[PDB]
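Below: the structure, in structure tokens.
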Amino acid sequence: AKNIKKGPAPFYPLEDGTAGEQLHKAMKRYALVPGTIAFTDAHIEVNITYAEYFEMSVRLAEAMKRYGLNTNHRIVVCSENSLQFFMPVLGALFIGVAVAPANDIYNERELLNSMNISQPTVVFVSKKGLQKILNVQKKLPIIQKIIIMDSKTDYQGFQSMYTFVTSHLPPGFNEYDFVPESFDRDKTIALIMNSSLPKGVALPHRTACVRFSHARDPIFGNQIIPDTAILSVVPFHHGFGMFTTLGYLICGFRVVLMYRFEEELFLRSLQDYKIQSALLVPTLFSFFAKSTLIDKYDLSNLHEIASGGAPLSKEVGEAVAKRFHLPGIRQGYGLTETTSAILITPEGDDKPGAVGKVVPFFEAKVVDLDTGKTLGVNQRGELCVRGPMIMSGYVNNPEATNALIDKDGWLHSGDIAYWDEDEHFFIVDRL
Ligand SMILES: Nc1ncnc2c1ncn2[C@@H]1O[C@H](COP(=O)(O)OC(=O)[C@H]2CSC(c3nc4ccc(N5CCCCCC5)cc4s3)=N2)[C@@H](O)[C@H]1O
């Protein structure tokens with residue numbers, strides 16, 4: 001067991017209750033401080049506060065409950081990153097309805113394939129995705145109700161979130177008396193995510209509650225510090241964006257988003273919103289390695305730049321760190337089947353080329369590619385991980401599940417890795 005790498009102790013113990021209960025508890029607390037910003041849209045410059053966000057999510061929860069949705073139902077949220085995206089997401093977590101994020105700009109075909117797995121009864125969609133959802137509905141009439149996200153009034157005959165809510169709230173509904181549903185966090189699916197044809201990945205509420213431990217951890221996440229703002233350019237419909245944003249909400253952070261990358265807008269949003277931490281996909285890292293405009297901006301509040309979800313070379317990492325006058329790069333590794341990152345750069349413990357260390361509650365090992373036997377330091381082999389954020393299985397695909405997770409609960413990542421003397425993990429790119 002000398003060669004099984006173990007995750008440290010979480011700074012805070014893992015709270016009880018569902019992921020909806022934990023999100024509801026914390027967002028209510030932030031709702032009660034007027035003017036606490038939850039999301040800022042850098043394109044349209046509008047802020048929405050925790051009070052606005054909490055109340056509309058609670059209203060959506062109760063409206064979905066009075067409509068008839070329960071743990072036997074799934075919704076789809078199909079929308080690019082927006083101020084509205086997490087309203088139906090939170091509302092459905094509050095009542096144990098599973099949420100299937102759909103890749104907003106997917107062509108009709110991949111939308112159909114994602115949604116054929118997830119079998120949603122109600123679809124929330126932004127205006128520019130409506131016609132595709134309509135076409136998917138022709139082939140999957142289990143879709144019985146379509147709700148427009150970025151409207152206040154009805155749009156093209158369909159209810160908005162706001163008119164849908166007032167259609168089903170009881171008289172005298174009180175947003176601050178509402179109690180989120182209580183249920184078995186291990187068996188109630190919180191999210192159905194699309195795999196890297198893609199499979200549906202069922203994630204129980206428990207895996208998000210573990211993520212929330214990491215999110216608030218001073219070592220493996222962000223210190224809950226007032227007036228902390230994040231600038232994230234990560235799609236909400238994949239696991240990297242989904243569970244960093246849910247964690248930032250748990251921490252009461254200001255989540256500044258852009259859904260169309262622009263060099264000047266991004267750098268000016270870093271400066272004007274006094275971003276402390278910036279969240280990029282690795283191909284935008286490759287971009288800012290080439291940028292020669294960073295020195296024009298006041299990035300003194302910038303404490304970290306973070307990457308995940310795809311290979312990042314050590315050289316690109318160091319090049320970006322230099323461009324932004326930072327000691328290094330914060331990084332994380334995970335799979336959709338893993339909920340979120342299970343290898344994370346601890347704060348200030350950064351090492352170039354490394355993806356980080358095993359997170360609290362998890363264990364990781366490297367196994368020989370021919371045998372399966374546990375290798376020691378620096379030996380290269382397959383990365384295997386085990387912990388409470390592993391998915392419960394692929395949706396209606398038990399064989400693909402078992403190919404990936406053996407009877408003892410190790411997940412075979414299909415990646416080549418090694419850990420070093422200080423226990424940092426490196427992912428070896430096959431080519
Ligand atoms: N870091 C890294 N290097 C190289 N290859 C990597 C990689 N991460 C993933 N991969 C490759 O991607 C596939 C799996 O693809 P996927 O689409 O199934 O999913 C993901 O990559 C996705 C699931 S969640 C996730 C990450 N989640 C988080 C969460 C938090 C963080 N941070 C930021 C870092 C610093 C603060 C701590 C929190 C990061 C990430 S990433 N990615 C896999 O096979 C591998 O090949």
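Both counts, for ligands and for their atoms, begin at 1 and track the order of listing. Numbers for residues simply follow the sequence, beginning at 1.
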Task: Taking atom 30 (C) of ligand 1 as the reference point, the nearest protein heavy atom with its distance - done: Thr244 CG2, 3.6 Å
TODO: Describe, in one word, how the ring planes of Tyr248 and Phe253 are oriented to each other, choosing from parallel (under 30°), tilted (30 to 60°) and perpendicular (over 60°).
DONE: tilted
- [ ] Show which atoms of ligand 1 fall inside a sub-4.0 Å distance from at least one heavy-atom site of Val355.
- [x] 1 (N), 3 (N)
- [ ] Could you find the nearest protein heavy atom to atom 14 (C) of ligand 1 and give me its residue, atom name and distance?
- [x] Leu335 CD2, 3.1 Å
TODO: Could you list the atoms of ligand 1 found under 4.0 angstrom from a heavy atom of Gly332?
DONE: 1 (N), 34 (C), 39 (C), 41 (S)
- [ ] Determine, using heavy atoms of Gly414 and all atoms of ligand 1, whether some pair is separated by less than 4.0 Å.
- [x] no
- [ ] Taking the six-membered ring for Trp and the single ring otherwise, decide whether the centroids of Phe54 and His24 are under 6.0 Å apart.
- [x] yes
Task: Residue and atom name of the nearest protein heavy atom (relative to atom 16 (P) of ligand 1), distance in Å to one decimal - done: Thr336 OG1, 3.3 Å
Open item on the list: Which of the numbered atoms in ligand 1 are under 4.0 angstrom from any heavy atom belonging to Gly239?
Closed with: 24 (S)
Open item on the list: Return the closest protein heavy atom for atom 7 (C) of ligand 1 as residue, atom name and distance.
Closed with: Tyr333 CD1, 3.3 Å
- [ ] Over 60° means perpendicular and under 30° means parallel, so classify the ring planes of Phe261 and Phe287, tilted if in between.
- [x] perpendicular
Open item on the list: Below the 3.5 angstrom mark, is there an N/O of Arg330, backbone or side chain, next to an N/O of ligand 1?
Closed with: no
Open item on the list: Please list the nearest protein heavy atom to atom 12 (O) of ligand 1 with its residue and the distance rounded to 0.1 Å.
Closed with: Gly309 O, 3.6 Å
TODO: May I ask you to test the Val76-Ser118 pair for a side-chain heavy-atom distance under 4.5 Å?
DONE: yes
If you look only at distance, which donor and acceptor atoms sit under 3.5 Å apart when one is on a side chain in residues 95-102 and the other is two or more places apart or in another chain?
none

Task: Contacts of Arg260 that satisfy salt bridge (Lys or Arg N to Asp or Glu O under 4.0 Å) - sequence neighbours left out - done: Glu262
TODO: Determine whether the side chain, the backbone, both or neither of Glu304 has a heavy atom under 4.0 Å from any heavy atom of ligand 1.
DONE: neither
Open item on the list: Could you check whether any heavy atom of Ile344 sits closer than 4.0 Å to an atom of ligand 1, since that is the contact criterion I want to use?
Closed with: yes
Open item on the list: Testing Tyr53, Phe39, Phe236, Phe124 one by one against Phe85 for a ring-ring contact (aromatic ring centres under 6.0 Å, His included), which residue passes?
Closed with: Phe236
Task: Check ion pair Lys128-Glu80 (N to O, under 4.0 angstrom) - done: no
Open item on the list: Give me the nearest non-hydrogen protein atom to atom 27 (N) of ligand 1 as residue plus atom name, then the distance to 0.1 Å.
Closed with: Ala341 N, 3.4 Å
Open item on the list: Tell me the protein heavy atom at minimum distance from atom 33 (C) of ligand 1, and give that distance in Å.
Closed with: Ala306 CB, 4.0 Å
TODO: Check if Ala310 has a non-hydrogen atom at a distance under 4.0 Å from any atom of ligand 1.
DONE: yes
TODO: Looking only at distances, please establish whether an N/O atom of ligand 1 is found under 3.5 Å from an N/O atom of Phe240.
DONE: no
- [ ] Compare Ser340, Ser307, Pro198, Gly247 and give the one whose heavy atom is closest to atom 29 (C) of ligand 1.
- [x] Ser340
Open item on the list: Taking the ring of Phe220 and the ring of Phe11, is the distance between their centroids below 6.0 Å?
Closed with: no
Task: ligand 1 to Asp415 polar contact by distance, N or O atoms, under 3.5 Å - done: yes
TODO: Give me the ring orientation class for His214 and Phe361: parallel if the planes are under 30° apart, tilted from 30 to 60°, perpendicular past 60°.
DONE: tilted
Task: Nearest-option assignment for atom 9 (C) of ligand 1, heavy atoms, candidates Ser277, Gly353, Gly334 - done: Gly334
Open item on the list: Between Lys132 and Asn135, is there a side-chain donor-acceptor contact under 3.5 Å, judged purely by atom types and distance?
Closed with: no
Task: Residue pair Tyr333 / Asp415, side-chain donor-acceptor N/O under 3.5 Å - done: yes
- [ ] Would you mind running through ligand 1 and noting each atom that sits below 4.0 Å from a heavy atom of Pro311?
- [x] 3 (N), 4 (C), 5 (N)
